[PDB]
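Contents: one structure, followed by commentary.
Read the figures in this text as sums done on the coordinates, not as results from a lab. Methodologically, a virtual Cβ is constructed for each residue, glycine included, from the backbone with ideal geometry; neighbour enumeration extends over all protein chains shown.
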Amino acid sequence: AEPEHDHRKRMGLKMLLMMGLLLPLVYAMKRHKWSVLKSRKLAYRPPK
Amino acid sequence: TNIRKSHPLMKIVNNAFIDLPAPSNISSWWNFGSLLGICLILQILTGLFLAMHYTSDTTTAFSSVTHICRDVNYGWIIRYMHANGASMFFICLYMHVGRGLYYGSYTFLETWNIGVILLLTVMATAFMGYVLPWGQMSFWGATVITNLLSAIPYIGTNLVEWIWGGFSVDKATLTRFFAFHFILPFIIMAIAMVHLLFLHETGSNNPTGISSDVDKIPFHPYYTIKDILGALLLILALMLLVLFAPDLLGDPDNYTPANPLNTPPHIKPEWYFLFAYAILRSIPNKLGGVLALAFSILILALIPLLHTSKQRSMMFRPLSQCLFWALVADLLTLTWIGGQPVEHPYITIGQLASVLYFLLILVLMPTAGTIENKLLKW
Amino acid sequence: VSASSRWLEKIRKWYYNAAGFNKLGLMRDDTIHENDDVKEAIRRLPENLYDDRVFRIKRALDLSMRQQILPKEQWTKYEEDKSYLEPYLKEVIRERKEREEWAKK
Amino acid sequence: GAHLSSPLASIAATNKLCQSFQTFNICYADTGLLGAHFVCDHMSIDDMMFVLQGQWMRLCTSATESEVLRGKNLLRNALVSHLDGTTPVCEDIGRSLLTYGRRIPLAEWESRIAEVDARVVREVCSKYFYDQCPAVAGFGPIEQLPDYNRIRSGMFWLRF
Amino acid sequence: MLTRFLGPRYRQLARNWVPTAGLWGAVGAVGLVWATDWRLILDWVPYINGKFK
Amino acid sequence: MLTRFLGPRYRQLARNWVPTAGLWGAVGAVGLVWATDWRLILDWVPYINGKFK
Amino acid sequence: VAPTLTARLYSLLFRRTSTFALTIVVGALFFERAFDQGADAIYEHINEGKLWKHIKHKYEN
Amino acid sequence: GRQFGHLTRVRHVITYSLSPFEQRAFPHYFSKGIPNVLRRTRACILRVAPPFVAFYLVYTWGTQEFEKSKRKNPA
Ligand SMILES: CCCCCCCCCCCCCCCCC[C@@H](O)O[C@H](CO[C@H](O)CCCCCCCCCCCCCCC)COP(=O)(O)OCC[N+](C)(C)C
Ligand code: HEC
Ligand code: HEC
Ligand SMILES: CO/C(=C/C(N)=O)[C@H](C)[C@H](/C=C/c1csc(-c2csc([C@@H](C)/C=C/C=C/C(C)C)n2)n1)OC
């Protein structure tokens with residue numbers, strides 16, 4: 001009914017191991033880029 | 001000066017995907033727009049590679065689908081990528097419409113009404129899609145939905161027969177549905193680019209509903225990388241569904257070839273039609289059933305005319321928040337009930353939820369906004 | 001004594017706190033949906049008020065991004081909520097309605 | 001205007017990208033500020049940055065021999081024009097002794113100038129400019145002033 | 001939102017445009033009747049008798 | 001149309017850009033070799049031996 | 001690890017986009033080998049003998 | 001469409017930013033994040049949870065009423 005059974009599960013493990021490496025790494029790429037905004041300080045200095 | 005700004009092709013790309021002034025505070029809820037675009041493209045590339053080995057006739061329709069999975073190298077992945085991407089496309093559609101309601105995004109009239117037309121079209125696509133394998137659910141699901149069109153007063157039967165190519169869901173209908181299912185994702189893409197045109201005329205809304213002109217950031221790198229991360233999650237959710245549970249969302253009846261005589265016990269839509277199926281089955285009348293199904297989606301075109309609140313977003317609107325989640329939980333009810341037979345506990349609460357969907361959008365949430373205005377002395 | 005009128009006011013104070021724009025330093029008129037009448041009234045504000053408005057919205061959109069709120073002490077108090085836009089918008093609607101009345105005859 | 005040697009100056013003049021720009025090498029003991037300052041209309045900040053950073057990178061990667069002669073020539077002329085009269089020279093004696101511990105004679109400056117060739121420029125410009133984090137200060141109508149990430153991205157080239 | 005559209009000028013504006021709006025309906029009717037071949041309407045037309053039994 | 005591109009500056013401009021243009025070719029080669037699995041080139045690589053007979 | 005391994009990796013490979021690219025493509029080829037069969041070996045352990053690759057020698061001419 | 005330098009008028013707001021290479025990507029990831037996430041949850045639980053509980057109990061009763069209906073008890 002499902003011959004590919006073994007292959008999908010073999011690929012699924014590789015997918016999980018890939019995502020386990022990739023997901024924290026892309027998040028780290030995002031955070032560092034976003035950090036310029038995430039630590040930005042505002043100050044309002046109106047005149048007089 | 002700058003090549004990326006003044007070239008009559010790179011300029012158009014720059015002003016849409018690079019230098020675009022975007023709000024600094026848009027949620028993960030704004031990711032679904034790009035994720036829809038990914039979904040649409042993903043369906044095209046799996047769709048085509050499927051269309052290469054698939055046949056359109058009754059005699060070979062079911063077998064070619066099997067041929068793909070069994071014989072064609074890595075055909076089984078392409079096949080399940082498609083099937084699961086179809087509903088992944090629906091979860092994104094649902095997130096995206098939901099976000100539009102919550103955050104008052106709908107106030108962008110043209111861009112929102114185009115989105116409704118996008119929804120109808122993607123759903124018209126998927127309904128034509130599931131028929132193609134020519135399984136039991138393919139046929140009888142096709143039969144159940146088309147037969148509804150017999151109810152349209154004077155014009156009734158001539159219409160259904162015209163869409164049929166005969167007196168039942170026959171030979172003509174399979175191949176005809178294939179042609180329409182090939183073209184519609186391209187029309188979808190064209191309508192999706194106008195969707196993006198009308199949108200860029202204002203820029204995005206944000207979680208607060210206050211204008212963000214005072215704090216705009218460039219779409220690159222901030223939203224390039226936020227969309228890159230978001231797409232990785234989509235592939236995770238789509239691929240866990242493909243490499244571990246390829247039929248979890250799938251009905252087993254579709255694994256037996258179509259029989260126009262033997263009709264199955266349950267007539268189960270794919271999950272994304274269950275809420276709408278429920279609304280339709282709840283009303284006894286033929287004409288009224290279809291007109292309620294139609295109304296169930298075309299209602300979103302009324303929501304802007306029924307904005308009553310002085311604020312844009314639900315972010316600072318507590319009563320409206322409760323009424324929103326009532327709509328989500330109610331839609332969760334319509335879903336579950338749609339996947340159930342029309343017996344005792346299910347007739348009543350299914351009919352009840354139907355009234356609630358409409359009373360909530362047409363009356364209840366428009367009242368909450370008036371009260372919420374009054375409490376702020378607005 | 002005004003026992004009812006201070007409970008009917010206390011519901012409002014409750015709602016205000018529940019609305020939570022005050023957590024993000026906002027004032028009620030900062031959260032209004034900008035339509036033509038509103039866009040006009042924003043236009044008519046004097047320099048000081050317009051400048052103060054922009055800052056609040058910037059500070060609000062900033063926190064909304066970092067997914068934060070202000071310390072409790074620094075929230076807008078329901079009492080201290082300056083309804084600075086209302087007379088400007090009242091005048092714009094009053095002006096529009098005169099147009100709409102003249103267009104009728 | 002249009003005929004100026006410096007590509008930035010000529011692109012600035014032609015496209016009126018700018019009311020004024022100037023490069024600087026501000027020196028303090030063991031540290032400094034190296035870069036440019038400009039003044040321009042609200043709609044020209046982006047282009048001014050692009051054209052400036054593009055020149056830093058051009059110099060970092062592909063400085064050519066003749067423009068390096070012109071640079072050396074402008075510098076000998078500047079150094080000799082500055083040292084005109086009692087005030088500028090007295091200032092040079094005072095400052096030099098406080099920084100260099102001695103007066104560096106003019107022939108030594110010429111010696112050290114003549115040594116610079118195209119390779120020197122691109123080695124030295126890369127040392128200080130290539131893939132380095134700028135300090136950026138903006139004032140006035142600055143909505144169009146590029147985001148830091150974008151400015152920082154102009155500090156390298158994907159082609160190099 | 002609709003009270004702004006009611007007054008003497010709009011009374012004149014509706015009357016001014018009604019012979020036209022009626023004639024466009026006649027266009028749409030004849031147009032729909034002719035295009036689908038509504039023998040229901042067309043049987044009673046003194047020359048168009050393509051159903052000639 | 002090509003005589004304008006020949007002179008001492010362009011001699012320097014070519015030399016300045018050649019270590020880079022060479023390294024992009026190495027990128028393209030390794031890149032093409034890796035992507036198609038050119039066992040012709042890859043058989044002679046001391047760890048990549050997926051053809052492990 | 002004297003001036004840090006990451007510092008010497010930057011100055012030697014990451015600086016120029018050319019050597020940065022070359023490090024990725026050279027790295028993508030190395031990694032593909034160590035991961036394909038390296039993850040296949042972990043797939044072996046959860047299916048110790050129930051795979052045809054383990055059975056093999058039972059039916060040999 | 002709109003572009004920077006044409007969006008709106010803003011006066012008197014200084015913004016101090018830092019380079020990503022000068023700062024850490026996760027400053028206090030768990031020591032600030034967890035306090036924040038509960039705070040975020042507490043802010044919304046009374047607004048999102050009550051219809052879902054109401055659905056859940058309708059779901060659990062409804063299904064229990066479905067099966068316990070077709071079987072008999074007398075003749
Ligand atoms: C569209 C539907 C698909 C959905 C996909 C969603 C999943 C996400 C994946 C999308 C790809 C995103 C890539 C991740 C972003 C990282 C940024 C990357 O592109 O690097 C950039 C630059 O690109 C790389 O340098 C190019 C390297 C090339 C490596 C080869 C890639 C493999 C392709 C093989 C090429 C051979 C051609 C094939 C011949 C058949 C910028 O680098 P940066 O972080 O700013 O560092 C600056 C550079 N410094 C260090 C020099 C200062
Ligand atoms: C009527 C519901 C509707 C549907 C369905 C819809 N759109 Fe949208 N879309 C909108 C609205 C309204 C916005 C404005 C959201 C905002 O900026 O807050 C929007 C925003 C977007 C965005 C910008 C990113 C974002 O999320 O704000 C993209 C991209 C997008 N739509 C594409 C699509 C695609 C692709 C489809 C599927 C064919 C689609 N949309 C379906 C109404 C919808
Ligand atoms: C290149 C033409 C093509 C495009 C584009 C296309 N598909 Fe399909 N799709 C097919 C074919 C052929 C099949 C039948 C083979 C099969 O069932 O896998 C099919 C199958 C389906 C099915 C049945 C899934 C199953 O296997 O049970 C659904 C649902 C579907 N498509 C929805 C979509 C949606 C949604 C889109 C994007 C709007 C789309 N498809 C894009 C050709 C296309
Ligand atoms: C082909 O049959 C099925 C497909 C599926 N993907 O679930 C189900 C088994 C079936 C379908 C249920 C269903 C419910 S609801 C719906 C549907 C189809 S079509 C539509 C409208 C809203 C769209 C109209 C678009 C019109 C444009 C052409 C202008 N709604 N189909 O169950 C009976």
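Details
- Amide N proximity, region C:53-82 versus H:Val37 label position 7 Å along Cα-to-Cβ, cut-off under 20 Å: C:64-69
- Gap separating the Cα centres of region D:114-157 and region B:226-303, nearest whole Å: 55
- Look at B:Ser34, C:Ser2, A:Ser39, B:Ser28 and count the other Cβ atoms within 10 Å of each Cβ; fewest to most, that gives C:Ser2, B:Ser28, A:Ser39, B:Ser34.
- Just so you know, the Cα atoms of chain E work out to an Rg and Dmax of 18.4, 58 Å.
- Degrees separating the helix E:8-36 axis from the principal Cα axis of chain E, which is the longest one: 20
- In this label model, B:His7 and A:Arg40 are separated by 2.9 nm, measuring between points 7 Å along each Cα→Cβ vector.
- Kirkwood Rh in Å, taken over chain D so that all alpha-carbon pairs contribute: 17.8
- Taking trypsin sites (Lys or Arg not before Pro) across region G:21-61, the ones in a DSSP loop with at most 13 further Cβ atoms lying within 10 angstrom of their Cβ are G:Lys50.
- Net charge of Cβ neighbours under 14 Å - reference B:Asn254; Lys, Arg +1; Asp, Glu -1: -2
- From its DSSP helices (H runs of at least four residues, each -39,500 (n - 2.57)), chain B gives a residue-normalised ellipticity at 222 nm of -20500 deg cm²/dmol.
- Loop-located chymotrypsin sites (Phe, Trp or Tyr not before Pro) in chain G (DSSP state not H, G, I, E or B) with no more than 11 neighbouring Cβ atoms inside 10 Å: G:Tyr59.
- Region B:82-109 and region A:6-48: distance between their alpha carbon centers, rounded to Å: 23
- All Cα pairs of region B:251-378, percent lying beyond 25 Å: 38
- Helix C:47-66 and the longest principal axis of the Cα set of chain C meet at an angle near 50°.
- Which of H:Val53, B:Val72 has the fewest Cβ neighbours within 10 Å, and the rest in rising order: H:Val53, B:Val72
- Viscosity 0.692 mPa s, 37 °C: Kirkwood-radius Stokes-Einstein D of chain G over Cα pairs, µm²/s: 217
- Set of region D:5-46 residues, backbone N closer than 15 Å to the point 7 Å along the Cα-Cβ line of B:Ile18: D:46
- For the pair G:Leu9 and G:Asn47, label points projected 7 Å from Cα toward Cβ lie 3.4 nm apart.
- Inter-label distance for D:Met155 and C:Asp36, nm, one decimal - labels placed 7 Å from Cα along Cα-to-Cβ: 5.0
- Principal-axis tilt of helix C:86-102 within chain C, Cα atoms, nearest 10 degrees: 20
- Computed P(r) (all Cα pairs; region B:1-71; 5 Å bins; percent): 3, 12, 12, 12, 11, 12, 9, 7, 8, 8, 3, 1, 0
- Each other residue within a Cβ distance under 15 Å of B:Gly129 adds +1 if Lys or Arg and -1 if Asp or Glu, for a net charge of 0.
- When the alpha carbon gyration tensor of the protein assembly as shown is reduced to an equivalent ellipsoid, its three semi-axes come out at 58, 43, 31 angstrom, largest first.
- Rounded if a/c under 1.5, otherwise prolate or oblate - chain C, Cα gyration tensor axes: oblate
- Footprinting exposure proxy for E:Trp44, B:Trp29 (fewest neighbouring C-beta atoms within 10 Å first): E:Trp44, B:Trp29
- Chain B shape via C-alpha gyration tensor axes, a/c threshold 1.5: oblate
- Anisotropy class of chain A from Cα gyration tensor, a/c 1.5 cut: prolate
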